[PDB]
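I have placed the structure first, in the form of structure tokens, so that the comments after it can refer back to it.
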Amino acid sequence: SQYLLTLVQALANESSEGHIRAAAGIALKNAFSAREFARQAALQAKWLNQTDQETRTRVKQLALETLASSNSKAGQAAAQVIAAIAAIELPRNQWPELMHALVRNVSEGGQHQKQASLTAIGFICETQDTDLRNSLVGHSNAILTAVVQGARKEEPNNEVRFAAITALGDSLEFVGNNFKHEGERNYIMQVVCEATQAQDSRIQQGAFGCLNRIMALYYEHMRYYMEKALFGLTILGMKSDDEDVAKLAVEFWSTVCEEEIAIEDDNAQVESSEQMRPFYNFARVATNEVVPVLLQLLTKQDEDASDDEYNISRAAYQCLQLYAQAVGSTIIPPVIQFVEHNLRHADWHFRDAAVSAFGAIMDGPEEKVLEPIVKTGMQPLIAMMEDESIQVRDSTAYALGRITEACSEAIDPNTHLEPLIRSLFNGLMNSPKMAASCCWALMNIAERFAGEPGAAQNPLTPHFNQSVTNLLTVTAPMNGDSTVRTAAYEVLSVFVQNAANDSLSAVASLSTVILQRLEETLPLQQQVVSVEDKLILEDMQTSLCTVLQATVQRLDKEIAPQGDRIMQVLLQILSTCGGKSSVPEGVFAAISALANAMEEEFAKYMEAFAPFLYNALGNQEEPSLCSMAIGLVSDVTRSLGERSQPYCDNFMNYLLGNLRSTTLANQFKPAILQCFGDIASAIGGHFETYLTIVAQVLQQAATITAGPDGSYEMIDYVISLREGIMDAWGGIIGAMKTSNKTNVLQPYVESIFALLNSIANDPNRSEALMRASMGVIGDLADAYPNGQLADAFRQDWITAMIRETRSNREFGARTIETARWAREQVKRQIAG
């Protein structure tokens with residue numbers, strides 16, 4: 001009380017040093033405000049009640065008068081105090097007209113007084129509060145007209161315009177109403193076009209930033225203001241010698257391409273135009289004026305700049321990608337022009353900018369229009385791998401990889417494929433700095449020239465053994481750069497994945513080599529002492545296990561002689577590994593390949609490997625390994641079939657035990673229920689023992705929902721969850737169907753339909769969920785020939801569900817075919 005008077009009078013007290021005054025007002029706001037929530041309400045009790053009217057009148061008077069104090073600091077804390085008082089009093093229909101007067105202070109008051117006024121408007125508008133803003137919508141008028149008055153050329157101070165645009169930036173957090181009327185919007189867009197005109201850099205920064213958030217806001221009225229001056233204004237700012245202003249000038253079209261991407265990708269989802277969101281096609285119009293500036297900002301570069309710090313060229317490149325993915329093929333015509341100019345240029349800034357540019361536009365534009373020049377200008381581009389500038393060599397490499405990913409067909413094999421390979425290998429084996437791109441490009445070649453399935457040969461085959469030899473060559477050293485080793489093994493794993501049958505024998509020899517190297521790591525496990533040594537050996541073992549997986553998946557059934565040595569070395573690796581390591585995870589991958597390959601022949605490995613699997617299942621403290629263990633349970637049992645039963649009891653105890661959770665959202669549950677499915681399909685009749693419990697859990701799991709609080713998280717969780725439930729019922733019905741025990745499967749069928757209903761009524765659905773849905777439908781048809789399910793089948797939601805399924809073209813083959821099969825099953829089941 002008297003406390004409050006001494007404080008606020010100290011706030012008004014000019015004779016005291018300004019920092020002390022700031023201490024006084026900051027102390028006073030904190031006598032009634034904090035970032036903390038509930039204590040805020042307590043302080044509000046200290047405002048309204050403990051000290052009822054008191055001087056709150058005199059306090060607010062002293063604060064409003066303190067706004068006019070010469071110090072910015074005095075008006076700093078004064079603005080803070082008014083900012084607090086408003087947050088309590090104005091909604092309560094307290095403080096009224098104390099807001100209206102503030103605008104008059106803005107349009108007529110003193111210069112520092114203007115600082116404190118707009119500073120108050122800023123400090124108030126910064127908060128995100130739906131009821132606060134509910135009472136602030138009524139005051140939004142005075143706020144917007146005020147910030148109009150203050151940002152004016154007519155206004156002298158720059159700092160008042162900083163506070164004005166800052167007031168814009170946090171006021172526009174609230175676009176509620178936002179005055180749909182075009183008049184006020186005209187003055188606003190005028191004062192913002194004005195705001196970008198400032199000779200000052202910093203005012204332009206606030207201007208372009210607020211204009212950015214606004215371009216994320218009222219695009220609707222914006223459509224008309226856009227169509228003339230703004231293009232050349234934006235070009236003027238993009239050309240600015242200023243950096244951070246150039247960065248925000250970039251951030252515009254960054255945001256523009258973002259929202260227009262969202263709309264372009266909502267307009268294909270349209271079934272009818274009422275569904276349509278507005279679209280403005282700002283990009284395709286702007287590009288022919290905007291793009292040349294993007295090249296011009298690419299030629300400029302800074303090697304001295306720290307890596308992964310954003311730069312004008314950097315953001316220009318990223319935004320050029322955004323145009324590339326929104327503007328579509330329409331982006332092409334400027335870019336090629338600038339590439340046509342610069343490709344042979346002496347200055348390396350221009351060559352790097354060249355290939356970075358041509359390496360920017362392959363994505364987005366449709367394939368064949370890309371083909372003719374990519375089929376034409378490619379050869380010099382390979383010739384440019386010999387460039388003096390390793391950075392340019394690097395950018396050429398990534399450009400090459402993008403060409404692979406895009407117009408793979410553009411690479412005529414006989415007259416381009418070999419040189420490109422030799423270039424990427426030599427650049428890998430001699431130039432580590434450009435190595436990673438060379439890897440990525442090569443992986444793409446493998447994916448693109450894999451050839452027809454079952455093929456005796458693929459385009460890669462002649463280059464294959466030389467490739468494997470080169471990769472084993474670069475991976476050979478124990479002191480090679482860890483990154484180049486890893487990437488080289490990854491590219492190798494990909495050539496192995498994508499290889500012709502004629503090369504299988506070669507891959508077989510390769511597999512032996514991998515095992516050999518894996519075995520050799522085990523003594524190396526012992527030589528480790530530095531932590532770096534641990535990271536290297538773990539990454540090394542991880543890479544070898546991965547490539548080994550590739551060999552096993554491709555060799556398929558031919559891997560059998562290798563299998564003993566494989567399980568021996570891998571199980572030895574498990575015994576020596578421990579803790580946060582990626583190794584065991586990769587080892588289960590390789591074992592998983594060996595199990596799917598050997599299938600029932602794997603069963604001899606189960607007696608020794610089972611404990612490792614159990615142990616991986618029992619430790620949630622290794623979530624990724626536990627998940628890998630569950631998936632591997634599914635793999636083992638699906639491959640061994642009936643053989644896997646004795647193990648299945650222990651498998652079920654680890655799965656069912658893993659269902660126990662203190663969190664409703666068990667992250668393993670979808671995988672576990674799915675594993676129930678796979679276990680069911682494999683076992684058949686003996687799954688009956690588990691049926692009483694499994695069904696319970698499935699009946700449980702169906703009840704789970706994201707609720708009205710719908711994170712993308714919880715939604716996707718429920719979706720994958722029900723994918724697990726349907727996979728589970730599918731396998732269980734199949735097992736019951738082949739066990740002559742459908743009668744015990746009788747009770748749960750109504751719950752199954754209830755789930756199908758729950759899914760059909762849900763907009764949020766996955767393709768796989770619908771595939772499994774269809775399959776469970778038909779499985780139910782085969783399960784119950786009697787036709788007593790027909791009266792359950794005949795309901796509209798079933799038929800509309802199946803038809804909505806098969807009708808959709810977005811889904812792949814498997815799903816729609818299952819839908820056809822299901823519908824035939826249903827129509828047949830209508831009578832019997």
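Chain lettering (A, B, ...) mirrors the order of the structure tokens, residue numbering begins at 1 for each chain separately, and ligand numbering begins at 1 in order of display.
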* Asked: What lies within 12 Å of residue 343 in chain A using only C-alpha atoms, ignoring chain neighbours under 4 positions off, as a ChimeraX atom specification?
  -> /A:335-339,347-358,377-378,380-381,383-384,387,392,396
Output for the residues just chosen: C-alpha atoms as a short mmCIF file (atom, residue, chain, number, x, y, z; two decimals), in the first residue's frame:
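Wrote out_11.cif, looks like this:
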data_model
loop_
_atom_site.label_atom_id
_atom_site.label_comp_id
_atom_site.auth_asym_id
_atom_site.auth_seq_id
_atom_site.Cartn_x
_atom_site.Cartn_y
_atom_site.Cartn_z
CA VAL A 335 17.27 -21.02 -64.08
CA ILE A 336 18.56 -22.69 -67.24
CA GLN A 337 19.29 -19.24 -68.68
CA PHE A 338 21.58 -18.38 -65.79
CA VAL A 339 23.12 -21.85 -66.02
CA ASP A 347 35.32 -17.39 -61.12
CA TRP A 348 34.50 -20.43 -58.99
CA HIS A 349 31.64 -18.63 -57.26
CA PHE A 350 29.74 -18.70 -60.57
CA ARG A 351 30.44 -22.41 -61.27
CA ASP A 352 29.46 -23.45 -57.86
CA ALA A 353 26.34 -21.31 -58.15
CA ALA A 354 25.81 -22.85 -61.59
CA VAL A 355 25.77 -26.53 -60.70
CA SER A 356 24.07 -25.75 -57.37
CA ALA A 357 21.34 -24.11 -59.44
CA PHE A 358 21.06 -26.93 -61.97
CA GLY A 377 24.44 -31.08 -70.98
CA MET A 378 25.27 -34.12 -68.84
CA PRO A 380 30.25 -31.64 -69.72
CA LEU A 381 28.86 -31.95 -66.18
CA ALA A 383 33.77 -33.43 -67.27
CA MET A 384 33.40 -30.83 -64.53
CA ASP A 387 37.24 -28.93 -61.56
CA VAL A 392 32.37 -27.00 -57.19
CA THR A 396 28.48 -31.11 -59.19
#
* Asked: How many Å separate CA of residue 306 in chain A from CA of residue 438 in chain A?
  ->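 Rounded to one decimal, the two atoms are 23.1 Å apart.
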* With a distance cut-off of 10 Å and only C-alpha atoms, select the neighbouring residues of residue 219 in chain A, excluding the residue or stretch itself and same-chain residues fewer than 3 positions from it, and output the selection as a list in words. => residues 214, 215, 216, 222, 223, 224, 225, 226, 256, 259, 278, 279 and 280 of chain A
* Structure fact -> Judged by only C-alpha atoms, the minimum distance to residue 418 in chain A among A:40, A:619, A:462, A:822 is found for A:462
* Just list the residues in range 279-485 of chain A DSSP gives alpha helix (DSSP H) on the backbone, as a ChimeraX atom specification. => /A:282-299,312-326,332-342,348-358,367-374,378-383,390-405,418-430,435-448,461-475,482-485
Expected file contents, prior selection, C-alpha atoms, as a tab-separated table (two decimals), in the first residue's frame:
chain	number	residue	atom	x	y	z
A	282	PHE	CA	1.78	-15.91	-56.41
A	283	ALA	CA	4.82	-18.04	-57.06
A	284	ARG	CA	4.51	-18.78	-60.78
A	285	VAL	CA	3.90	-15.10	-61.54
A	286	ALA	CA	6.68	-13.76	-59.31
A	287	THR	CA	9.43	-16.20	-60.34
A	288	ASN	CA	10.54	-14.60	-63.61
A	289	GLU	CA	11.31	-11.44	-61.64
A	290	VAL	CA	12.42	-13.10	-58.39
A	291	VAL	CA	14.72	-15.93	-59.59
A	292	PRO	CA	17.48	-13.81	-61.17
A	293	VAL	CA	18.00	-12.27	-57.76
A	294	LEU	CA	18.31	-15.83	-56.41
A	295	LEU	CA	21.19	-16.57	-58.78
A	296	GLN	CA	22.69	-13.20	-57.92
A	297	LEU	CA	22.52	-14.16	-54.26
A	298	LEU	CA	24.05	-17.57	-55.06
A	299	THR	CA	27.15	-16.18	-56.75
A	312	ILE	CA	22.12	-15.27	-48.09
A	313	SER	CA	23.30	-17.79	-50.69
A	314	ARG	CA	22.29	-20.60	-48.38
A	315	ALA	CA	18.74	-19.42	-47.79
A	316	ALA	CA	18.57	-18.44	-51.47
A	317	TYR	CA	19.33	-22.04	-52.34
A	318	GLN	CA	16.84	-23.48	-49.87
A	319	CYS	CA	14.11	-21.12	-51.05
A	320	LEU	CA	15.06	-21.95	-54.62
A	321	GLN	CA	14.20	-25.52	-53.62
A	322	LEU	CA	10.90	-24.30	-52.20
A	323	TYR	CA	10.07	-22.67	-55.52
A	324	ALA	CA	11.28	-25.87	-57.15
A	325	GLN	CA	8.67	-27.87	-55.25
A	326	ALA	CA	5.81	-25.35	-55.49
A	332	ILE	CA	12.60	-23.88	-65.11
A	333	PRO	CA	12.96	-21.14	-67.74
A	334	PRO	CA	14.90	-18.54	-65.73
A	335	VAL	CA	17.27	-21.02	-64.08
A	336	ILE	CA	18.56	-22.69	-67.24
A	337	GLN	CA	19.29	-19.24	-68.68
A	338	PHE	CA	21.58	-18.38	-65.79
A	339	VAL	CA	23.12	-21.85	-66.02
A	340	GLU	CA	23.64	-21.23	-69.75
A	341	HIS	CA	25.60	-18.07	-68.94
A	342	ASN	CA	27.78	-19.34	-66.18
A	348	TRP	CA	34.50	-20.43	-58.99
A	349	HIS	CA	31.64	-18.63	-57.26
A	350	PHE	CA	29.74	-18.70	-60.57
A	351	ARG	CA	30.44	-22.41	-61.27
A	352	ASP	CA	29.46	-23.45	-57.86
A	353	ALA	CA	26.34	-21.31	-58.15
A	354	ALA	CA	25.81	-22.85	-61.59
A	355	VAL	CA	25.77	-26.53	-60.70
A	356	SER	CA	24.07	-25.75	-57.37
A	357	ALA	CA	21.34	-24.11	-59.44
A	358	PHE	CA	21.06	-26.93	-61.97
A	367	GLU	CA	10.46	-35.72	-66.02
A	368	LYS	CA	10.38	-35.56	-69.81
A	369	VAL	CA	10.73	-31.78	-70.10
A	370	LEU	CA	13.83	-32.22	-67.92
A	371	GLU	CA	15.12	-35.05	-70.15
A	372	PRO	CA	16.31	-33.34	-73.38
A	373	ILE	CA	18.94	-31.04	-71.84
A	374	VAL	CA	19.91	-33.41	-69.04
A	378	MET	CA	25.27	-34.12	-68.84
A	379	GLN	CA	28.59	-34.99	-70.46
A	380	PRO	CA	30.25	-31.64	-69.72
A	381	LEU	CA	28.86	-31.95	-66.18
A	382	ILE	CA	30.78	-35.21	-65.75
A	383	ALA	CA	33.77	-33.43	-67.27
A	390	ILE	CA	36.63	-29.10	-54.79
A	391	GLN	CA	33.55	-27.22	-53.60
A	392	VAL	CA	32.37	-27.00	-57.19
A	393	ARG	CA	33.27	-30.68	-57.58
A	394	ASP	CA	31.09	-31.30	-54.56
A	395	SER	CA	28.12	-29.32	-55.85
A	396	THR	CA	28.48	-31.11	-59.19
A	397	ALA	CA	28.37	-34.41	-57.33
A	398	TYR	CA	25.11	-33.64	-55.54
A	399	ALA	CA	23.73	-32.30	-58.83
A	400	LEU	CA	24.61	-35.66	-60.38
A	401	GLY	CA	22.83	-37.49	-57.59
A	402	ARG	CA	19.72	-35.41	-58.02
A	403	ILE	CA	19.83	-36.24	-61.74
A	404	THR	CA	19.94	-39.92	-60.81
A	405	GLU	CA	16.99	-39.58	-58.45
A	418	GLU	CA	30.55	-45.73	-66.79
A	419	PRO	CA	32.19	-42.26	-66.71
A	420	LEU	CA	29.78	-41.17	-64.01
A	421	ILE	CA	30.67	-44.21	-61.91
A	422	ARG	CA	34.43	-43.80	-62.37
A	423	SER	CA	34.04	-40.13	-61.48
A	424	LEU	CA	32.08	-40.79	-58.31
A	425	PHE	CA	34.44	-43.58	-57.23
A	426	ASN	CA	37.62	-41.63	-57.93
A	427	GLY	CA	36.18	-38.59	-56.21
A	428	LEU	CA	35.30	-40.83	-53.28
A	429	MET	CA	38.69	-42.53	-53.15
A	430	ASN	CA	40.75	-39.36	-53.62
A	435	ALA	CA	32.94	-38.04	-50.72
A	436	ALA	CA	29.48	-38.15	-49.14
A	437	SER	CA	27.68	-36.75	-52.18
A	438	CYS	CA	29.57	-39.21	-54.36
A	439	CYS	CA	28.12	-41.97	-52.20
A	440	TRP	CA	24.55	-40.69	-52.33
A	441	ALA	CA	24.65	-40.34	-56.11
A	442	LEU	CA	25.95	-43.90	-56.43
A	443	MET	CA	23.29	-45.33	-54.14
A	444	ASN	CA	20.71	-43.74	-56.40
A	445	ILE	CA	22.29	-45.34	-59.48
A	446	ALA	CA	21.87	-48.70	-57.80
A	447	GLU	CA	18.22	-48.07	-57.09
A	448	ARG	CA	17.64	-46.85	-60.63
A	461	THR	CA	26.54	-55.75	-63.72
A	462	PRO	CA	29.60	-54.94	-65.87
A	463	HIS	CA	30.61	-52.21	-63.38
A	464	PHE	CA	29.71	-54.36	-60.39
A	465	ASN	CA	32.85	-56.29	-59.42
A	466	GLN	CA	35.00	-53.22	-59.99
A	467	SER	CA	32.60	-51.32	-57.76
A	468	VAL	CA	32.66	-53.89	-54.96
A	469	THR	CA	36.45	-54.03	-55.21
A	470	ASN	CA	36.72	-50.24	-55.00
A	471	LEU	CA	34.36	-50.11	-52.04
A	472	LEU	CA	36.22	-52.84	-50.17
A	473	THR	CA	39.38	-50.95	-51.10
A	474	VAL	CA	38.30	-47.63	-49.57
A	475	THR	CA	36.73	-49.39	-46.56
A	482	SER	CA	34.90	-43.01	-40.13
A	483	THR	CA	32.38	-41.13	-42.26
A	484	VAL	CA	33.78	-42.32	-45.60
A	485	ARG	CA	33.94	-45.87	-44.26
* Pick out the closest residue to residue 641 in chain A from this set: A:243, A:607, A:599, A:200. Count only C-alpha atoms. => A:599
* To do: Could you check which of A:304, A:722, A:1, A:831 is closest to residue 49 in chain A, using only C-alpha atoms?
  =>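 Residue with the minimum atom-to-atom distance to residue 49 in chain A: A:1.
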* To do: For range 723-735 of chain A, work out the shell of residues within 9 Å, counting only C-alpha atoms and skipping chain neighbours fewer than 4 positions away, then give it as a PyMOL selection string.
  => chain A and resi 669-688+691+694-695+698-699+701-702+718-719+739-742+745+752+755+766+768-770+772-773+775-777+779-780+783
* Asked: Neighbours of residue 501 in chain A within 8 Å (only C-alpha atoms; same-chain residues fewer than 3 positions away dropped), as an MDAnalysis selection string?
  -> chainID A and resid 454:457 504
May I have the residues from that selection written out with N, CA and C atoms, as a CSV table (one decimal), in the first residue's frame?
chain,number,residue,atom,x,y,z
A,454,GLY,N,14.3,-60.7,-61.1
A,454,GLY,CA,14.6,-62.0,-61.6
A,454,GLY,C,15.6,-62.0,-62.7
A,455,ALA,N,16.0,-60.8,-63.1
A,455,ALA,CA,16.8,-60.6,-64.3
A,455,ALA,C,18.1,-61.2,-64.2
A,456,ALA,N,18.6,-61.8,-65.3
A,456,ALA,CA,19.9,-62.4,-65.3
A,456,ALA,C,21.0,-61.3,-65.2
A,457,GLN,N,20.6,-60.1,-65.8
A,457,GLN,CA,21.5,-59.0,-65.7
A,457,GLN,C,20.8,-57.6,-65.6
A,504,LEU,N,25.3,-63.2,-58.3
A,504,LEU,CA,25.0,-63.7,-56.9
A,504,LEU,C,26.3,-64.4,-56.4
* In terms of the shortest atom-to-atom distance over only C-alpha atoms, which of A:99, A:535, A:603, A:608 is closest to residue 582 in chain A? ->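 Of all the options, A:535 lies closest to residue 582 in chain A.
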